[PDB]
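Visitor: Structure below; questions to follow.
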Amino acid sequence: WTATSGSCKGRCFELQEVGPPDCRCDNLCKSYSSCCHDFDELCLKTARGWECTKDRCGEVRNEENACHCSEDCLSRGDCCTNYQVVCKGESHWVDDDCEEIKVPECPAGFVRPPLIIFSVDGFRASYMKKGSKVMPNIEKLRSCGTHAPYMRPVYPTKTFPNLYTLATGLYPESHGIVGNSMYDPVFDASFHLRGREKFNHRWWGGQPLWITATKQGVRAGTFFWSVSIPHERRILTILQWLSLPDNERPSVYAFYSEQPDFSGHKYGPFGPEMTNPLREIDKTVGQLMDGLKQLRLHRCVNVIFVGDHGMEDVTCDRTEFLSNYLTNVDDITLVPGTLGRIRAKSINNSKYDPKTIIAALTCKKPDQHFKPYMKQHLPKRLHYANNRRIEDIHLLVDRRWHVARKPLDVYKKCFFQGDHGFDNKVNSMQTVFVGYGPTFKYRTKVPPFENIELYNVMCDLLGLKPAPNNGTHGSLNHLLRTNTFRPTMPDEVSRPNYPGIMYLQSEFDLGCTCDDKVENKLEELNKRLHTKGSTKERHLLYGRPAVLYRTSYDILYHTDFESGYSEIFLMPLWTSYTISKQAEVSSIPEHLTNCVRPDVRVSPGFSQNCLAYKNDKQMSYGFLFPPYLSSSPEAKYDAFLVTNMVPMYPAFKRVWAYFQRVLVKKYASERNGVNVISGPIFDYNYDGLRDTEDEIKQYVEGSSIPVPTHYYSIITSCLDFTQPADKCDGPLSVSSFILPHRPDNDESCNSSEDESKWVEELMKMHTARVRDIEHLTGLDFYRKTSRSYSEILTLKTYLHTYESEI
Ligand SMILES: *[C@@H]1O[C@H](CO)[C@@H](O[C@@H]2O[C@H](CO)[C@@H](O[C@@H]3O[C@H](CO[C@H]4O[C@H](CO)[C@@H](O)[C@H](O[C@H]5O[C@H](CO)[C@@H](O)[C@H](O)[C@@H]5O[C@H]5O[C@H](CO)[C@@H](O)[C@H](O)[C@@H]5O)[C@@H]4O)[C@@H](O)[C@H](O)[C@@H]3O)[C@H](O)[C@H]2NC(C)=O)[C@H](O)[C@H]1NC(C)=O
Ligand SMILES: O=C(NCc1cnn[nH]1)[C@H]1C[C@@H]2CN(C(=O)OCc3cc(Cl)cc(Cl)c3)C[C@@H]2C1
Ligand SMILES: [Ca+2]
Ligand SMILES: [Cl-]
Ligand SMILES: [Cl-]
Ligand SMILES: [Zn+2]
Ligand SMILES: [Zn+2]
């Protein structure tokens, strides 16, 4: 109940929220059914439309009009946006040539340049080029301001998860809005696009920009607009708020368009009916920019034009049904669509086995247009596991397809031609970014980035200190004319040991054999130097990674590679090596097939042993630096040191071996040498963060040798490929992966064929940013380069997607 007897007289779109049983006059009141009796009458005028005509010029102020063309409208702060154009012979904003905004041109009383977020739903990245002829206002913003060719959304590529990520800089797994539709098992409740449940505070974690702003003394316009407030009223309300007295006026604003998403669903991303929604958006943009020109704020305000996700061709006939795979289909709940989330229909039923579900959904049809995963095996780049609202069973659906439970769910629950929600690296899902204003750069294109990075920038644009988030602060400094923020490298927490030769062969009882006794002052002082680091500036090109946590570890030097060896985890945390274009692949000779040699620099007690692998019938081992790439038959003995050894499922060895024997060499040819850093990752609790020693869930049987959940590699070269990797003068190029360490190759339906048919494809799927690896290892890479730290931060956030041209 709400005693909605009070009035909105002069209170139209008030900024503070008055609580029950009183009536509200803020743009949220319609959603809570708590508006004052007269809200519509007074606060939602429509009469005479939204534009000034030649006959309205210098009229008599009639307060019933939606907007005004009277002489005092400028002062009242409520002219129609084209007022000055029709009446005072002024031109539209779009018609003026853009002049660089070298400094903020702000009216007296304005303490800082305001920020307006213009968000557009379902604005596919390629609309900027393909609709450019019908979007002149947006095209002016783009070309005069700062733009990316596209901006990467978060997964799932849906509205709620993406808007709240924009507002908070957090992955959905962290902010809690993991879908437009969710079931929380603790609440025993469901969150939907419709309904009032979504209005409970308990769903929304993190700290959104408008709370960040309020808590630091900066006032915000609302970020929630009612469906029945037309877009023209939204612009005018923003312009009214900009006319408020200094101490009442917000510094940050939001506008939201349901278009072009709404039509995209009906007509597909490029349906002929899509031209008009794009015209409308532009018109709205024009109105804002004209309005700001009137209030003399158009060279003062920073405007961000941004979308939440793109749009793909999807139709009903492209539906895979679970009923065609499962017999017991009625014992599951499925969150359907462009992604799939499965859980049991009841918990009172413990006969429910996710293992049988995954098995029944795996490579069962040659054409399968989805792939099942346990959430912990989803590509780490999606960061879509660490929340109780994410069901253990996930289906990644092919672009252009849907998953549903039964046929009845699709005809009784074709009316659509577009959808979104797919894997966030899919081209059709990419959306837009443009920044325009004093604080942004002039006529500047920047490389694509992820939307998790904007919260930091919007905090900078507003002199705010960002709440802790998943952006990398400084990675988008190259967008801005002037920077609030100077990023600095984290300090190293653990310094390495540099052990010498300290142990004799006979002190080791590892159960490891090797045929290596086939034995000159020249070539004996020479290999001492190798063990001292005479070739370190060859294999360690960007300085040692910094260990950002307290631990105990050794640096080990060799002819062909350098490693940071953990005495705790009994394996390297990282292994670094360079393969030049010239370098050659050789094989593991017949007498050295099972060679494992004790490392005389590390004690028996801090070594692995061959015995454990012999007892463990599920677990084999591999090497971080690959024998195949030794520079000499003499150097190859180094690769077999117990300290280069890591536990590997025979199934995983297949992936690893092909990477090491074929792909590294291929990459070195194409990129003119590559530097490779590889290592283990332990993330048993799938929070995307490194696990501590006392969080290890899997050991090699009867040992203290922990079993990695993943194996990473970072592959760096010169961006200018005419220069060798080891003599690069300028910017770097990088690609990385985090491969799940799994006992089977069930993920790859073609894995029974030659590795050259499926391995590279699996690696591509599990592509990664260096930054993701940093979170997972507690390491910090690229500490010693000739490049600026801001540029290195951009490099660290880069993701190689392997998608074709946008
Ligand atoms: C991306 O960036 C974020 C933010 O920096 C990182 O997440 C942070 O990581 C650490 C380590 O896991 C967590 O620290 C723990 O914090 C709790 C106390 O936490 C409470 O207070 C904080 C601060 O005000 C608040 O943010 C927390 O909110 C969580 O819980 C709410 C329910 O009570 C929920 O509504 C909200 O969405 C959020 O849940 C998420 O995080 C929790 C972990 O706390 C997780 O279980 C859940 O599934 C959600 O993902 C909370 O009230 C201490 O008691 C512990 O000792 C410990 O220090 C931070 O809480 C966490 N912050 C946030 C906002 O999630 C991510 O690790 C990073 N990801 C990557 C990949 O780098
Ligand atoms: O259900 C919806 N759309 C569904 C649809 C319609 N047509 N197609 N799909 C709407 C999206 C919501 C947010 N809001 C608002 O105005 O958003 C501004 C904002 C900006 C940022 Cl950057 C961050 C945040 Cl959190 C909010 C009105 C809401 C209801
Ligand atoms: Ca972890
Ligand atoms: Cl969803
Ligand atoms: Cl296999
Ligand atoms: Zn959307
Ligand atoms: Zn949509």
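Every residue number used here counts from 1 along the chain in the order it is shown.
Just so it is clear, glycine is given a Cβ too, placed from its N, Cα and C backbone atoms.
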Visitor: Swiss-Prot lists region 'Required for secretion' for one of the ranges 25-46, 69-90, 773-794; which is that range?
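Guide: Among 25-46, 69-90, 773-794, the range Swiss-Prot annotates as region 'Required for secretion' is 773-794.
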Visitor: The disulfide recorded in Swiss-Prot for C316 goes to which of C144, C414, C459?
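Guide: Of the candidates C144, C414, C459, the one Swiss-Prot pairs with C316 is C414.
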Visitor: Name the residue from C106, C144, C459 that Swiss-Prot records as disulfide-bonded to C300.
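Guide: Record-based pairing for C300: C106.
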Visitor: Figure out which of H394, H402, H420, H473 sits with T159, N180, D261 in the 1-(9Z-octadecenoyl)-sn-glycero-3-phosphate site per Swiss-Prot.
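Guide: According to Swiss-Prot, the candidate sharing the 1-(9Z-octadecenoyl)-sn-glycero-3-phosphate site with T159, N180, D261 is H420.
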Visitor: Please give the sequence-distant neighbours of the domain 'SMB 1' (4-47): residues at least 6 beyond its ends with Cβ less than 8 Å from one of its Cβ atoms.
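Guide: For the domain 'SMB 1' (4-47), the far contacts come to 64-66, 199, 219, 221-222, 224-226, 228-230, 233, 237, 240-241, 248, 250.
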Visitor: Given the binding-site residues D121, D308, which one is most crowded in terms of C-beta atoms within 10 angstroms?
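Guide: For the binding-site residues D121, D308, the Cβ with the most other Cβ atoms within 10 Å is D308.
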Visitor: For the domain 'SMB 2' (48-92), what are the same-chain contacts with Cβ under 8 Å, counting residues 6+ beyond its ends?
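Guide: Residues 232-233, 235-236, 239-240, 242-244, 286-291, 293-295 contact the domain 'SMB 2' (48-92) from elsewhere in the chain.
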Visitor: Using a 10 angstroms cut-off on Cβ to Cβ distances, just flag whichever of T159, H309 is the loneliest among these binding-site residues.
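Guide: Counting other Cβ atoms within 10 Å of each of the binding-site residues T159, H309 gives the minimum at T159.
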Visitor: Since the deposited structure skips 4 residues after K413 and picks up again at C414, how long is the Cα gap in Å?
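Guide: Per the coordinates, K413 lies 12 Å from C414, Cα to Cα.
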Visitor: Give me the sequence-ordered set of same-chain residues, not including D121, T159, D308, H309, with a C-beta within 8 angstroms of the centroid of the Zn(2+) 1 site's C-beta atoms.
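Guide: Other same-chain residues near the Zn(2+) 1 site: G122, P153, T157, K158, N162, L163, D261, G307, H420, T431.
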Visitor: Quick one: 2 residues missing from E519 to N520, so how many Å between their CAs?
Guide: 10
Visitor: May I have the DSSP-based helix, strand and coil counts for the residues of the domain 'SMB 2' (48-92)?
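Guide: Reading the DSSP string over the domain 'SMB 2' (48-92) gives 9 helix, 2 strand, 34 coil.
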Visitor: What is the three-state DSSP composition of the region 'Required for secretion' (773-794), stated as helix, strand and coil residue counts?
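Guide: Once the DSSP states are binned, the region 'Required for secretion' (773-794) shows 11 helix, 2 strand, 9 coil.
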